[PDB]
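Worksheet: the structure to be examined is printed underneath.
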Amino acid sequence: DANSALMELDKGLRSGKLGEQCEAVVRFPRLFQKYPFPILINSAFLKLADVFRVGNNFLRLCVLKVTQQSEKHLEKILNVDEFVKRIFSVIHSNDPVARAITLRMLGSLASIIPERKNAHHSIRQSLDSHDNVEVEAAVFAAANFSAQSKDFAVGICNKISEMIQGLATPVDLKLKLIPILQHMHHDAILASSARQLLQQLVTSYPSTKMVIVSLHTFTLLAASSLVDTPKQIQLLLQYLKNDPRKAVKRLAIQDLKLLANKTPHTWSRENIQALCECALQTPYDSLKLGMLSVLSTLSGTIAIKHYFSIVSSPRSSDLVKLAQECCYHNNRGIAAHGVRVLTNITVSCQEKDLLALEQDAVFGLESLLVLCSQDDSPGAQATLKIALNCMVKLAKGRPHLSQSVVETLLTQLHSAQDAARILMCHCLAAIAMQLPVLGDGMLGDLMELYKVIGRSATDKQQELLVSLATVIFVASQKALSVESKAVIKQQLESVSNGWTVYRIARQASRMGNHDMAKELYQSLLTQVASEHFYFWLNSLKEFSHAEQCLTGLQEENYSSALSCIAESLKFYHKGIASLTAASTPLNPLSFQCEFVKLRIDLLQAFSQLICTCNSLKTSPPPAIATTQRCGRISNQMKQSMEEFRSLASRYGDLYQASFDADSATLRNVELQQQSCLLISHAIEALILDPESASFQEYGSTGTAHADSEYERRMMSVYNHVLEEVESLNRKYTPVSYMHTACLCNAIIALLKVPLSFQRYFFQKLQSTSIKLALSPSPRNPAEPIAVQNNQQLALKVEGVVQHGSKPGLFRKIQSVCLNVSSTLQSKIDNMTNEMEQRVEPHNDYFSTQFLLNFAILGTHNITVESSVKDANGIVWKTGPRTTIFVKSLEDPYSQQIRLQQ
Amino acid sequence: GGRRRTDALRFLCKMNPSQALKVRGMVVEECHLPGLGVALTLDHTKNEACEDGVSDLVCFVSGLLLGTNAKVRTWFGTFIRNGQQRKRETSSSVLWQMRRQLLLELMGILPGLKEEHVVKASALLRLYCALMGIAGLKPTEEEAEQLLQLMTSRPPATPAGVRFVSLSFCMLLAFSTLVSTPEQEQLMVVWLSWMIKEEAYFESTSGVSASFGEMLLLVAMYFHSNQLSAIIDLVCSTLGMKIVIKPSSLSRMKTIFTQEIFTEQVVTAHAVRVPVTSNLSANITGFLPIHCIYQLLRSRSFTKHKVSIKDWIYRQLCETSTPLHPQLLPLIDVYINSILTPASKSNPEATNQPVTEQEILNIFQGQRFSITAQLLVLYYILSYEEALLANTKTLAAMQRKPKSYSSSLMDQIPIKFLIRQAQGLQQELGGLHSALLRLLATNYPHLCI
Amino acid sequence: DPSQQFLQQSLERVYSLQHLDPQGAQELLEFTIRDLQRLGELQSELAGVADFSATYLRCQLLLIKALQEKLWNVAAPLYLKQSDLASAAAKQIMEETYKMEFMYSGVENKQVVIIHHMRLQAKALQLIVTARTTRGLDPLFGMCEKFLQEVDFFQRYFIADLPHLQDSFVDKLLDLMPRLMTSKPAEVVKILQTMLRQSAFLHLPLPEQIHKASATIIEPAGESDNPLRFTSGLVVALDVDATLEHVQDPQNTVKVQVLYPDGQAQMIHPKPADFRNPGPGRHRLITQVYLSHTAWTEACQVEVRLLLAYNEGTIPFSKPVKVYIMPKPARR
Amino acid sequence: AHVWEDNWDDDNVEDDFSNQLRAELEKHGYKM
């Protein structure tokens, strides 16, 4: 049912009515989106071409619209020459509107035909014509060809130079033709000639209209040709300084904004001096906001480090004082830009005679905060965003200010409206997440604030409870008191949405407070109106129950270890039964089931290990026969090697097969895998061959990023276990009981730090899938493709990538590794044709050519695997795992020859 | 040796209570000895007293039968068939004692139905549907009687309750062999008669747009128009699994709907009396009063039974939004066909009157209304103007000419403005931009310059 | 020329601005890489020097990016095999050092000593990542011994030019040289980590006249849709004509490579007679490529690419071209 | 323009599963 849509819509195309043909033409883009493979694309584009050739000039506009929309599918066209000839057969017509439409189609088609000479001749001929629609379409197509072709660029450089300063072709047409000079960056002397022509134009037509158009053109030429961008930044400083007009100044602002966003390393010191000095003596306020917005975007990059470079007192520098009087300005936006600049100076380079500004910086934030808290307007909300981002960055860069930072924030958490409680709770959440030592310093104060929310408004209430209980969970780095649980619970019994309690429960499951997760999951379990959502909530409840059982541990007590581990396994198994029941074909929950299954396997590896440590106290030294490994305990810990190493491999396999998670979920998977490697190394350093260890951890054990509290406690446990392993290296007997005690304490230390269900367990932001439509003949089901067993099978695998939303949010596909293998299904098994190829997609397409050698006699099983390679370099093992069946026939002449031989 | 291995591992499970779930785990992930896993699950259920929520047995069988993996589904299914072929009376089999445990929780779930026990019984009905579906486990008389006890229960008020009664309706419609005695047939007649006179209360209080009443109307229309495949599709969509059902049981069920209870007049009246779905869109799933009224428009029964449609179509058009549902375009098409083409030669006058002038005017004065509604009404106006010029041989012999929409209102309609708006947002308005351009090209060369 | 002044100013900004946070150093390096590629694409007289500087700064960028890695934040047993990014970076910078000393035409001993020093840093990175991976004492001890004799070879062959190149990795490497002789290999690899952390970035004096070698296979173009048809087990000869510019000694260096669509490759050496010399700086390769296989079911795409060889290695320098090939069985 | 990068609760970061969960869960509006 792939070409059937093509025959249906082209049956629509063979009508004699304009309406049905137009309907089919405008229905083509949906069909393009549904099947993107180039057979259908090429066929439908040729049909669009020979519908375009004969038409009543309104079908032509519709096909132009479809070509404009479906630009990313244009490179998939195979029979390019017939397509372009059918389109080009309308230039020689005498209807000027049809000609203009066809030049617009050529301009749309520019990507696939950069160096077609007759197209350039048609553009040049129609460009100096007298019909206005033809002229405008010619300028459009000249702009679109000039971005790709170079000989067209130089010839049209001469032509457009002549027609701009030809003193005919009135000012509207000149405004239309200056972007032709914008697209004109291909060669050095071409760029220089365009630069001279633009300078002559801007000094020759000193208007409001032409100066704006010419300056935007001139800066796009500068940002395209990176050979004299500082000259244009310089020229923009004289245009922003010495020009009385206002709109020219506004373009100078947006121009310097674009140039600072693009190439900030070219900004020289005197350029920043000129920008700051022009920002001082301006009488207006919107212009002030614009220049200091440009300086704020310039302050977030390495331009400041070039500005504050050794070989004057930086207190006397223009930028810092300008930041001061615009941080203490009346308008809110200019204050936000100034406090961004001051925060960025503080976070950047650490010269001594800047440190006093630190004090100014922090006071600035709270001053701005008490201006923008009590306003309730979207501009004030954006000012809140900017201020709180500056608060986070300021506390991040200089931690010794940070404590003062957080306490000031709590003051404005006492008196502000319901839209200001949120995002301040978020700033507190971020600061107390990465830097935890301050979080407890809130504790109880949030309690009374939370009490006030018992009698607050209703419109923004639910999000506000979500934010407050989230920052409560973040701040409670050690645990939560029973009274804290009681007050949170009674408040959300007082009023709740039902989805708010779900968000609170999943926040608690994220942080590690699994008892309140239990209680809210009970509340959800009584609730809710579907099958698999009920099973999902039951599974989450059981996981919270097992994790409270894991929190109920005591150090140096192995009996409680076995008991609580058994309770955790039984609650996890009720939970994994619920998860298996909750799985749906529409939403095939795969990360959750694998994560829970490997968690179960980790705790059972721990259980077998702890009872194996108990086996030395539960068996003989060996036997009467043994009198360099003696006893069954050696074989048992070798099995522990096998289980833990396989478990680490399975954690790695779960890491590689996701590709759609965030940094935190991946880092948590890394924590679990590192726990498996930790226990494996700890055992193979104590009992199984101490002799060839000889390492004593010759790597760094400090100075970590510590992006979460769970990460920090994991790393502390890791370092403590490695310290115990280094100390107890080669002093004692190979079996020992300090060795078993070391394993016991290691297992207790790993199970004390609870767990963290991360973001990918609950919500999925990025969804990427691959198609891989195999076409040797695609078969049907059990029917195999017949091969003649004297030639190879040209597989011809072709693929396309499907993105759920926001194309690539976290990681971007750079190249894709297709792997193919065979298997003799008759019963190594045909490993002789394992093949690998790297693909770089153009827009979404994958096109490779695979030859498979089927040689022996039988039915073979082709499997195709995908492997995404990202921009950094990590390979990711996703893919549909496509399998196809082949039967190997023989030539009867060859069969008779083999029988005779 | 299968029974000796189950006996050995069962004694081991009794010996170590904690790792019985582990023995279940290996049974799952090597697909060996299903009866062993079920028996130890029953033993661990005997061990706990944690029966506050759903049973672990229910969750486990739901995971094995209705799961992402297929080979465990086939393995548990052939376990069910092997338990079915053990015809002689022997209580030592694991499967029948699992049936008694499910019977015990049937006893416990019975009353009408309680508020806390509303999703437990729906999950149980889905489980038993899977057992008689993919697994194919023919029940006994007492089990079928208690199934009819459970499905003919009274859900209190909940959206979980309307999910329950929809699942109970498809539970009945999937397996009509489950009822065998006349007394149970009187029981299901009483239950259906209750399910008629109650729909408005659950519809209003639950607030869902996917209630049971449109499903009742759908099955009435599909039996009335003799479309059994639509019934099969509806029950397979609502239950959540694909099960093949013989048409003979559905033919008996067709008789009990068409002869009594759902006569065609009361079906038409009740389908008129349904409310409209505010903020319709296409993101909501379900089966909907719009598909109900579209099916009742396709098989001509409104004007054949003297009931109006007009304000419903008006309100449903006026309460539409972004991405458009894939049913409104054929709904407007068959609405126009109902305006123009008469139903039968007995009443050539019999037709639907079109939308009044003032209402369309109040739409196009605005923005109070939605742009999807405006585009839909523009499509209605243009298609009515086009089709009124087309079916004119029947129009002249019909003597109740509904007439064009004057010219004052047609002057006060921005056609090019809404067509530009349709082109601007063509990505979510799919199926309407093409029709608007078709109508504009074939009827208005005013603006195709 | 504005381009020459811009290149000098950018290179001076790279060289001077090295006292930064590694985030800022990475940002400056990435911006100057993109600037240098854009300058090389725009210019043609100064394309070679822009590309040379871009390759050097790419090596420095990957070295710095590998230096700041989470691998040197956890211990050696806690290794993520799949999450490592610093392992392959040694191989890319090794291939890039080959690219400097064999792609570029006009070079003298200063460029040679700087890129040899960068190769020594590359081998140090490879040594430290392999030391972090494995646990066998004999392989790590052996690789330490090969690395120390490589350092010995470097100071022996370059016994001069140490006064001109200051405060580098190799200078103060030879300052602690006898202690590097007498130490446990774990002590050696930790002091090599500490050595790479304050290893200074060298300044590269660019040569006056440089040109980058490249090839353009003018025929076959590859856009021909018609297949080359022959019989299974027999050979077809496709004529290749390519233009070489700024290649020193093409006879012992330039080769042709054929990638069959089945994976197996062929490295065809050209004949010195078939090399033309159409002027001082451009050469014309005209040879015949010999192809044979065992019948296919449809005409497939065979890859043809010119490779540049050096002494023990081959690296690509030509745009790929593709040809349709149709091997048939006999009629009987 | 977002303060907290690892915020689980933005304006629209809710996947489909959470969308039908919110749809069937906000309707009841009562908790015991």
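Ordered as shown in the structure tokens, chains take letters A, B, and onward, while each chain numbers its residues from 1 and ligands are numbered from 1 in the order shown.
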> Could you write out as a PyMOL selection string the residues of chain A within 9 Å of chain D, counting only C-alpha atoms?
Replying inline: chain A and resi 382+385-386+388-390+392+423-424+426-427+429-430+463+466-467+492-501+503+507+523-524+526-530+533+587+664+759+762-765
>> Run DSSP on the backbone and tell me which residues of segment 44-259 of chain A come out as helix (DSSP H, G or I); list them as a ChimeraX atom specification.
In response: /A:44-53,59-69,74-76,80-88,96-109,117-127,132-146,151-164,171-182,188-204,209-224,229-241,247-259
>> Near chain A, meaning an atom within 8 Å, which residues of chain B appear when counting only C-alpha atoms? Write them as a ChimeraX atom specification.
In response: /B:18-19,21,56,59-64,66-68,116,119,122-123,158-161,163,434-435,437-442,448-449
> For the atom pair atom CA of residue 264 of chain C and atom CA of residue 850 of chain A, what is the interatomic distance in Å to one decimal place?
Replying inline: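 One can read the atom CA of residue 264 of chain C to atom CA of residue 850 of chain A distance as 12.3 Å.
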>> With only C-alpha atoms as the counted atoms, please give the residues lying no more than 7 Å from residue 113 of chain B, apart from itself and same-chain residues fewer than 6 positions off, as a list in words.
In response: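 Returned residues: residues 153, 154, 155 and 156 of chain B.
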Near chain C, meaning an atom within 7 Å, which residues of chain A appear when counting only C-alpha atoms? Write them as a PDB file with N, CA, C and O atoms, in the first residue's frame.
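Contents of the output file part_25.pdb:
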```
ATOM      1  N   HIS A 186      31.348  34.114  -2.514  1.00  0.00           N
ATOM      2  CA  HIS A 186      31.964  32.871  -2.975  1.00  0.00           C
ATOM      3  C   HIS A 186      33.476  32.988  -3.130  1.00  0.00           C
ATOM      4  O   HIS A 186      34.211  32.057  -2.785  1.00  0.00           O
ATOM      5  N   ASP A 187      33.964  34.112  -3.643  1.00  0.00           N
ATOM      6  CA  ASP A 187      35.376  34.260  -3.953  1.00  0.00           C
ATOM      7  C   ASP A 187      35.881  35.548  -3.317  1.00  0.00           C
ATOM      8  O   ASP A 187      35.101  36.448  -2.995  1.00  0.00           O
ATOM      9  N   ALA A 188      37.201  35.613  -3.113  1.00  0.00           N
ATOM     10  CA  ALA A 188      37.806  36.728  -2.388  1.00  0.00           C
ATOM     11  C   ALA A 188      37.631  38.050  -3.128  1.00  0.00           C
ATOM     12  O   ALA A 188      37.161  39.037  -2.547  1.00  0.00           O
ATOM     13  N   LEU A 226      34.429  35.611   6.333  1.00  0.00           N
ATOM     14  CA  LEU A 226      35.168  35.909   7.560  1.00  0.00           C
ATOM     15  C   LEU A 226      36.613  36.297   7.242  1.00  0.00           C
ATOM     16  O   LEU A 226      37.564  35.583   7.558  1.00  0.00           O
ATOM     17  N   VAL A 227      36.774  37.447   6.592  1.00  0.00           N
ATOM     18  CA  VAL A 227      38.118  37.926   6.289  1.00  0.00           C
ATOM     19  C   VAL A 227      38.299  39.344   6.820  1.00  0.00           C
ATOM     20  O   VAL A 227      39.408  39.736   7.200  1.00  0.00           O
ATOM     21  N   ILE A 302      34.126  34.266  25.355  1.00  0.00           N
ATOM     22  CA  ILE A 302      35.541  34.474  25.636  1.00  0.00           C
ATOM     23  C   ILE A 302      35.983  35.878  25.249  1.00  0.00           C
ATOM     24  O   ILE A 302      37.177  36.194  25.296  1.00  0.00           O
ATOM     25  N   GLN A 674      29.376   0.856  37.300  1.00  0.00           N
ATOM     26  CA  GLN A 674      30.584   1.046  38.088  1.00  0.00           C
ATOM     27  C   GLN A 674      30.501   0.318  39.416  1.00  0.00           C
ATOM     28  O   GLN A 674      31.526  -0.129  39.932  1.00  0.00           O
ATOM     29  N   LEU A 677      31.471  -3.249  38.405  1.00  0.00           N
ATOM     30  CA  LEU A 677      32.925  -3.322  38.259  1.00  0.00           C
ATOM     31  C   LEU A 677      33.635  -3.212  39.602  1.00  0.00           C
ATOM     32  O   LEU A 677      34.678  -3.842  39.807  1.00  0.00           O
ATOM     33  N   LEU A 678      33.093  -2.409  40.521  1.00  0.00           N
ATOM     34  CA  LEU A 678      33.696  -2.250  41.837  1.00  0.00           C
ATOM     35  C   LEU A 678      33.706  -3.564  42.594  1.00  0.00           C
ATOM     36  O   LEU A 678      34.740  -3.974  43.133  1.00  0.00           O
ATOM     37  N   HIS A 681      36.149  -6.101  40.836  1.00  0.00           N
ATOM     38  CA  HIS A 681      37.550  -5.826  41.131  1.00  0.00           C
ATOM     39  C   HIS A 681      37.880  -6.117  42.585  1.00  0.00           C
ATOM     40  O   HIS A 681      38.969  -6.621  42.890  1.00  0.00           O
ATOM     41  N   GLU A 697      45.303   1.350  42.721  1.00  0.00           N
ATOM     42  CA  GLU A 697      44.478   2.464  42.235  1.00  0.00           C
ATOM     43  C   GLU A 697      45.326   3.687  41.876  1.00  0.00           C
ATOM     44  O   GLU A 697      45.284   4.727  42.536  1.00  0.00           O
ATOM     45  N   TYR A 698      46.109   3.541  40.806  1.00  0.00           N
ATOM     46  CA  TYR A 698      47.041   4.570  40.362  1.00  0.00           C
ATOM     47  C   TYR A 698      46.363   5.704  39.590  1.00  0.00           C
ATOM     48  O   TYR A 698      47.047   6.454  38.884  1.00  0.00           O
ATOM     49  N   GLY A 699      45.041   5.845  39.705  1.00  0.00           N
ATOM     50  CA  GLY A 699      44.315   6.942  39.110  1.00  0.00           C
ATOM     51  C   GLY A 699      43.774   7.895  40.167  1.00  0.00           C
ATOM     52  O   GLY A 699      43.896   7.676  41.371  1.00  0.00           O
ATOM     53  N   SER A 700      43.165   8.976  39.683  1.00  0.00           N
ATOM     54  CA  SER A 700      42.647  10.018  40.561  1.00  0.00           C
ATOM     55  C   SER A 700      41.376   9.550  41.257  1.00  0.00           C
ATOM     56  O   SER A 700      40.510   8.923  40.637  1.00  0.00           O
ATOM     57  N   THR A 701      41.267   9.856  42.552  1.00  0.00           N
ATOM     58  CA  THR A 701      40.097   9.509  43.350  1.00  0.00           C
ATOM     59  C   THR A 701      39.396  10.740  43.914  1.00  0.00           C
ATOM     60  O   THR A 701      38.619  10.624  44.868  1.00  0.00           O
ATOM     61  N   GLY A 702      39.654  11.919  43.345  1.00  0.00           N
ATOM     62  CA  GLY A 702      39.058  13.149  43.825  1.00  0.00           C
ATOM     63  C   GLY A 702      38.790  14.111  42.684  1.00  0.00           C
ATOM     64  O   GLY A 702      39.007  13.789  41.513  1.00  0.00           O
ATOM     65  N   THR A 703      38.305  15.301  43.059  1.00  0.00           N
ATOM     66  CA  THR A 703      37.985  16.400  42.142  1.00  0.00           C
ATOM     67  C   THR A 703      36.972  15.965  41.080  1.00  0.00           C
ATOM     68  O   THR A 703      37.249  15.948  39.879  1.00  0.00           O
ATOM     69  N   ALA A 704      35.782  15.609  41.551  1.00  0.00           N
ATOM     70  CA  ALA A 704      34.698  15.155  40.695  1.00  0.00           C
ATOM     71  C   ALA A 704      33.724  16.291  40.410  1.00  0.00           C
ATOM     72  O   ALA A 704      33.659  17.286  41.137  1.00  0.00           O
ATOM     73  N   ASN A 790      25.195 -19.339  -7.750  1.00  0.00           N
ATOM     74  CA  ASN A 790      26.436 -19.020  -8.437  1.00  0.00           C
ATOM     75  C   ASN A 790      26.671 -17.521  -8.518  1.00  0.00           C
ATOM     76  O   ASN A 790      27.699 -17.104  -9.058  1.00  0.00           O
ATOM     77  N   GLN A 791      25.752 -16.703  -8.009  1.00  0.00           N
ATOM     78  CA  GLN A 791      25.938 -15.268  -7.899  1.00  0.00           C
ATOM     79  C   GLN A 791      25.550 -14.814  -6.498  1.00  0.00           C
ATOM     80  O   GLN A 791      24.790 -15.479  -5.789  1.00  0.00           O
ATOM     81  N   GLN A 792      26.105 -13.677  -6.094  1.00  0.00           N
ATOM     82  CA  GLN A 792      25.806 -13.113  -4.790  1.00  0.00           C
ATOM     83  C   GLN A 792      24.467 -12.387  -4.833  1.00  0.00           C
ATOM     84  O   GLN A 792      23.876 -12.176  -5.894  1.00  0.00           O
ATOM     85  N   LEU A 793      23.965 -12.016  -3.660  1.00  0.00           N
ATOM     86  CA  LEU A 793      22.664 -11.367  -3.547  1.00  0.00           C
ATOM     87  C   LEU A 793      22.896  -9.899  -3.245  1.00  0.00           C
ATOM     88  O   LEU A 793      23.375  -9.547  -2.160  1.00  0.00           O
ATOM     89  N   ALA A 794      22.553  -9.048  -4.195  1.00  0.00           N
ATOM     90  CA  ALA A 794      22.604  -7.611  -3.977  1.00  0.00           C
ATOM     91  C   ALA A 794      21.465  -7.243  -3.040  1.00  0.00           C
ATOM     92  O   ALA A 794      20.298  -7.241  -3.432  1.00  0.00           O
ATOM     93  N   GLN A 849      24.893  -0.377  -0.514  1.00  0.00           N
ATOM     94  CA  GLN A 849      24.820  -1.508  -1.426  1.00  0.00           C
ATOM     95  C   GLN A 849      25.540  -2.680  -0.781  1.00  0.00           C
ATOM     96  O   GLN A 849      26.746  -2.599  -0.523  1.00  0.00           O
ATOM     97  N   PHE A 850      24.814  -3.762  -0.525  1.00  0.00           N
ATOM     98  CA  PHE A 850      25.345  -4.917   0.187  1.00  0.00           C
ATOM     99  C   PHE A 850      25.297  -6.145  -0.711  1.00  0.00           C
ATOM    100  O   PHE A 850      24.263  -6.427  -1.325  1.00  0.00           O
ATOM    101  N   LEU A 851      26.412  -6.869  -0.789  1.00  0.00           N
ATOM    102  CA  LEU A 851      26.499  -8.108  -1.555  1.00  0.00           C
ATOM    103  C   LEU A 851      26.730  -9.282  -0.618  1.00  0.00           C
ATOM    104  O   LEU A 851      27.737  -9.324   0.092  1.00  0.00           O
ATOM    105  N   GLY A 873      31.101  10.710  19.476  1.00  0.00           N
ATOM    106  CA  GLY A 873      31.740   9.497  19.008  1.00  0.00           C
ATOM    107  C   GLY A 873      31.201   8.203  19.582  1.00  0.00           C
ATOM    108  O   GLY A 873      31.626   7.120  19.171  1.00  0.00           O
ATOM    109  N   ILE A 874      30.271   8.293  20.530  1.00  0.00           N
ATOM    110  CA  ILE A 874      29.752   7.097  21.180  1.00  0.00           C
ATOM    111  C   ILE A 874      28.799   6.383  20.232  1.00  0.00           C
ATOM    112  O   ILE A 874      27.890   6.997  19.661  1.00  0.00           O
TER     113      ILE A 874
END
```
>> Which residues are near segment 101-107 of chain C? Cut-off 12 Å, only C-alpha atoms, ignore same chain within fewer than 6 positions. Put them as a PyMOL selection string.
In response: chain C and resi 47-53+55-56+94-95+113-116+118-119+204-215+245-250+253-254+281+307-311+313-318
> Suppose you want the space between atom CA of residue 132 of chain B and atom CA of residue 162 of chain B; what is it in Å?
Replying inline: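 Atom CA of residue 162 of chain B lies 22.6 Å from atom CA of residue 132 of chain B.
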>> I'd like the neighbourhood of residue 288 of chain B as an MDAnalysis selection string, where a residue qualifies if any of its atoms comes within 10 Å (using only C-alpha atoms), though same-chain residues fewer than 3 positions away should be ignored.
In response: chainID B and resid 209:215 218 276:277 280 284:285 291:293
Could the residues in this selection be saved with C-alpha atoms as an mmCIF file, in the first residue's frame?
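What landed in result-v1.cif:
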```cif
data_model
loop_
_atom_site.group_PDB
_atom_site.id
_atom_site.type_symbol
_atom_site.label_atom_id
_atom_site.label_comp_id
_atom_site.auth_asym_id
_atom_site.auth_seq_id
_atom_site.Cartn_x
_atom_site.Cartn_y
_atom_site.Cartn_z
ATOM 1 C CA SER B 209 -16.121 11.671 25.626
ATOM 2 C CA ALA B 210 -15.789 7.900 25.108
ATOM 3 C CA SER B 211 -18.764 6.553 27.071
ATOM 4 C CA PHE B 212 -20.787 3.391 26.498
ATOM 5 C CA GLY B 213 -23.907 4.932 24.963
ATOM 6 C CA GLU B 214 -22.395 5.633 21.569
ATOM 7 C CA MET B 215 -21.106 2.053 21.596
ATOM 8 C CA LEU B 218 -23.042 1.767 17.163
ATOM 9 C CA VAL B 276 -21.977 17.232 21.737
ATOM 10 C CA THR B 277 -18.266 16.743 22.335
ATOM 11 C CA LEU B 280 -13.475 17.778 19.717
ATOM 12 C CA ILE B 284 -8.991 12.284 21.751
ATOM 13 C CA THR B 285 -9.558 8.612 20.958
ATOM 14 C CA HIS B 291 -19.195 8.361 14.511
ATOM 15 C CA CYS B 292 -22.592 7.376 15.915
ATOM 16 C CA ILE B 293 -24.429 10.093 14.005
#
```
> Got a sec: who's within 8 Å of residue 309 of chain B, counting only C-alpha atoms, leaving out chain neighbours fewer than 5 positions off, as an NGL selection string?
Replying inline: :B and (272 or 302 or 352)
> How many Å separate atom CA of residue 324 of chain A from atom CA of residue 282 of chain A?
Replying inline: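 Straight-line distance from atom CA of residue 324 of chain A to atom CA of residue 282 of chain A works out to 15.9 Å.
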